[PDB]
Structure formats: C-alpha cells, structure tokens
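So the protein sequences, as listed, match chains A and B.
The first sequence maps to residues 0 to 23, 30 to 159, 177 to 228 in the entry's author numbering.
The second sequence maps to residues 0 to 160, 177 to 231 in the entry's author numbering.
Heads up, the beta-carbon is just placed ideally off N, CA and C, and yes, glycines get one too.
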Amino acid sequence: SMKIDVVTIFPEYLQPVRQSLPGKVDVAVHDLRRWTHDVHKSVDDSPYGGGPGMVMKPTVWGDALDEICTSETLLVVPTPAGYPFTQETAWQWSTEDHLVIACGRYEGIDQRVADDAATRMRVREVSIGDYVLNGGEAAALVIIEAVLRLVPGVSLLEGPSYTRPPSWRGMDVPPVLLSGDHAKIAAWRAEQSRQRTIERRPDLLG
Amino acid sequence: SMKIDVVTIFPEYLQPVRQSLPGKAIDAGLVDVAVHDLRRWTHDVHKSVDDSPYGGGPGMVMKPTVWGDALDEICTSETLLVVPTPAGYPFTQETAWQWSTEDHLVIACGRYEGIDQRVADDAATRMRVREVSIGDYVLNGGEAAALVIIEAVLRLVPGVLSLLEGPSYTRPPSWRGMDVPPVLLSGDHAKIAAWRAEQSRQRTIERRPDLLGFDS
Ligand SMILES: COc1ccc2nc[nH]c2c1
Ligand SMILES: COc1ccc2nc[nH]c2c1
C-alpha cells in the first residue's frame, strides 16, 4: 500500500503514469500553481548572487509541501546535483508508505525548502544519470516506474536474447540455445554477459 | 531541423513529450516527433509482438519480424537508431551533445525481456545503431528512457536557445528563520564566485565523489 504525490507545474506530463496502474497503490498529481500567492501565479524568481535562469520560490514550495507531506513522508527531489538513484534505492523506496516527488526546473528549488523539510521528514535529492534535463518531470517518471514495478501488486549485463524464427535475414539463433544442454547454455550466457560487460560497461568490473 | 520517430507498443505513454521543452520545440518547428504503434506492422489477428526465448528463461522476447518491418519503413541509411536497454552503453551528456546535431533519430522502445538481438544486428548493416542505458536501474520498458533521451537531446538543438551545481536561493532573504548566505547578497562577484565554487566542491565530494576521481 503506497501513496505517491507528485508536485509539478506540468501536471499533464504525469497523467500517463496515472493511466498505467493496473488494479489497485495510489498516484496523485498536483499543479504547483495551486499554492502560488499572486494573480500572476509566480513560481520562480531571479537567483541571489546573479546568474542565468530562475530559482523556484521557497514560499510557494513551502506551502505545497506543508499541505501534502507528513512526518511519515519520504520527500524525493529529482536534481542533476543529487545522490545517484540506483536499483538499490528503488528497492529501499518500494517499501515506503508515502512518497512525495517535488519536480523543479534544473536551476533548482531554493535550497531552504529541502533544508526546512529535512527537519521534519526524510528528504532525498537524487539524480537519475549524468545528463541535464530542463526539469525533474521525466526523472520522476523514471523513478515512479523503477519503484512501483518492485511493489508486489503491480554485477554483469544481460547478454543477447532470441526468439522465433530460428533463421531471420541470414542470421541464425546461436545453436547452443537449441541444444537442450542447459548447463552449457548457462555457461554460454555467462560468457556473453562477460564480453558485453567488458565492451559496454567496464566500470562494472573494476 | 530534426525528426524523431518513436516506435512502441504503448504510444499513449509518449504523450508527455507534448509538454515542457519538447512541446515548445515542436510548436516552434525545430523538431517533429512522431509516435508509432509497433502493432501497425503485425499481420496476425492477435497482433503478436512477442514470443518465448530460445534457450529458456523468464518472460518473453520481442519478435524480430515485426520490428524488421517497422524499421524497414521508418529508417533510412542516414538514421541514427537508438535502442534503450539496461544492457546498453551509457547515455551521457556527451551523447546528448552528439545526437543534438542528427537529422533523424529513431527510438525503438522494447518491453518484456528485450528485443531479439538480430533486429539491432540487421539494422547495423544499413545504418548507425546505438544501444544505450540511461542509468543503473530496472524499468519495465524503454518508453520512459525514450522520454529522458528526447528531453536531454532537444534542449541542446540549435534554436532551442564536470562538477555539481551548488545550492541556489531567491527572495525573500529570510524565510522561516533561514537566511540566504550573506555573500550572495553582497554583490561581490569575486567572493560569490569563490563561495559557489566551494559549495560545488563540497557537494560533489559528498554526493558524487566519482566525478572527482574518488571511490564510491
Ligand atoms: C532537471 O531536473 C533533473 C532531475 C533529475 C536528473 N537526473 C539527471 N539529470 C536530472 C535533471
Ligand atoms: C527496459 O528498458 C530499459 C531501457 C533503458 C534503460 N536504462 C536503464 N534501465 C533501462 C531499461
């Protein structure tokens, strides 16, 4: 039983995830502008100390999180400056009762928001990879998917996979896979995994 | 002027692309993004796209026949075929810069336990193929990875306008008894630059020591 609240200025970005859950979990999306104070519905402002872009306003985010979060909440803040989000993270968060995901522009949410929230609840600032996105929405989709697929209801790299037909455009499925020698098949797959990992992800081997 | 074709069995999942930076890029005519239902290239009643793996194992593998027909129709020799997969080469910022100058990206989204390897192998005889992962975590399908790649690449395209960035602040200067670091209010560009550099170093060593050549 997990509740996920997502807060974003692009709520429609998150709706496909909502219309993706089978038969249960609860995922709610909130337009950040609901907590703005002015008729212009301002969510960001110029950065102190100068610089390009805008920083999201602490008064707006503070009100939103005050309403949505509780002491039991794990507040997830996607940011390119975060700790890395990994499969281990996904496993850890899969047993949480309440995730709140705060989606901001990459220039950031005023740091006092996360710092204030951390005095009352658990806060996790995380990156999903080494690339820059305009905002946290796509990263939220990745996190929601990686976490929810580990909830009951819903090393080395894996090598190549094959299915019918056995011959296709002049390429045959490796005959070992058809051999009925399942110990040999396992060893072949292990070697394919070794070769692929060396080639594509040597970092996984040290 | 870039064209992106995305092929998937869940074309509805790719509608978030109609928003944010990608939506604005499309509306401004800098990119055209077209989403294709893979089942359009099936010929059986049940529109089957997957089958059990040779050699055993859990789950299903996407059929090469259907993918081959789809890619035959959509790709040319000039196409960069992008195949998101957890077993791919890493997609990084460098990759995003490289692909930002391509005329034509086709993104093949897989599901179940992946796409028959011969699809990528056959395609490579006629075009450039890149199998890529967007991070070290498990997803159900390549669709969310496609959205990440599109976002990362599109914001770099001409016309659409390291270490870790440290904390940022904006008004008011005091909030809930928490003050913006006084140096940021001082207007001293030298001192501000210095403090920001120190903040970034501190954050990088704590959160991403790998970026500076340290363990973990
Ligand atoms: C722009 O916001 C984000 C959020 C998480 C991220 N992970 C990598 N880049 C990111 C950018
Ligand atoms: C299952 O499809 C994918 C595609 C790219 C990926 N990058 C990390 N996990 C991934 C899963």
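| Item | Value |
| --- | --- |
| Residues of the segment 80-104 of chain A whose Cβ lies closer than 8 Å to any Cβ of chain B, in chain order | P85, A86, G87, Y88, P89, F90, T91, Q92, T94 and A95 |
| Exposure of B:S76, with buried meaning 16 or more beta-carbon neighbours within 10 Å | exposed |
| Residues bridged to B:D4 [DSSP beta-bridge criterion] | B:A33 and B:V105 |
| Proximal chain A residues relative to B:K2, where beta-carbon distance stays under 9 Å | Residues of chain A passing the Cβ test: none, with the nearest at roughly 20 Å. |
| Beta carbon of B:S215 nearer than 9 Å to that of A:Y53 | no |
| Test item: CB-CB of A:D115 and B:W210 under 9 Å | no |
| Close Cβ partners of A:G228 (< 8 Å) along its chain, the five nearest in sequence each way excluded | none |
| Below-9 Å beta-carbon distance, B:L29 vs any chain A residue | no |
| Three-way DSSP call (helix, strand, coil) for B:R222 in this model | helix |
| Contact list for A:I207 against chain B, beta-carbon separation under 8 Å | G54 and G55 |
| Beta-carbon proximity of B:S0 to B:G22, cut-off 9 Å | no |
| Sheet register partners of A:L79 (DSSP bridge) | A:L104 and A:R127 |
| Within 9 Å, strictly: CB atoms of A:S19 and A:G87 | no |
| Secondary structure of A:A119, DSSP reduced to three states | helix |
| Closer than 9 Å to chain A by CB, B:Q217 | no |
| Check: A:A107 C-beta below 8 Å from any heavy atom of ligand 1 | no |
| Beta carbon proximity, B:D43 to chain A, threshold 9 Å | no |
| For A:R154, the residue or residues it bridges with in DSSP | Looking at the DSSP assignment, A:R154 forms no beta bridge with any residue, so it has no partner. |
| B:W96 and B:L160 closer than 9 Å at C-beta | no |
| Nonlocal neighbours in the same chain, by C-beta distance under 6 Å from B:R129, ignoring five residues either side | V81 |
| Any chain B beta carbon closer than 9 Å to A:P21 | no |
| Backbone secondary structure at A:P89 - three-state DSSP | strand |
| Test: A:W190 CB closer than 9 Å to a CB of chain B | yes |
| Minimum Cβ-Cβ distance from A:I133 to chain B less than 9 Å | yes |
| Interface partners of residue 25 of chain A on chain B, CB under 7 Å | Within chain A, the sequence of modelled residues goes 23 then 30, so residue 25 of chain A has no position in this structure. |
| Minimum C-alpha distance to residue 232 of chain B - residue among B:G140, B:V195 and B:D120 | Nothing in the structure corresponds to residue 232 of chain B, since chain B is present only between 0 and 231. |
| 9 Å Cβ cutoff met for B:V44 and B:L79 | no |
| For A:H42 and A:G113, the rounded distance between their alpha carbons | 20 Å |
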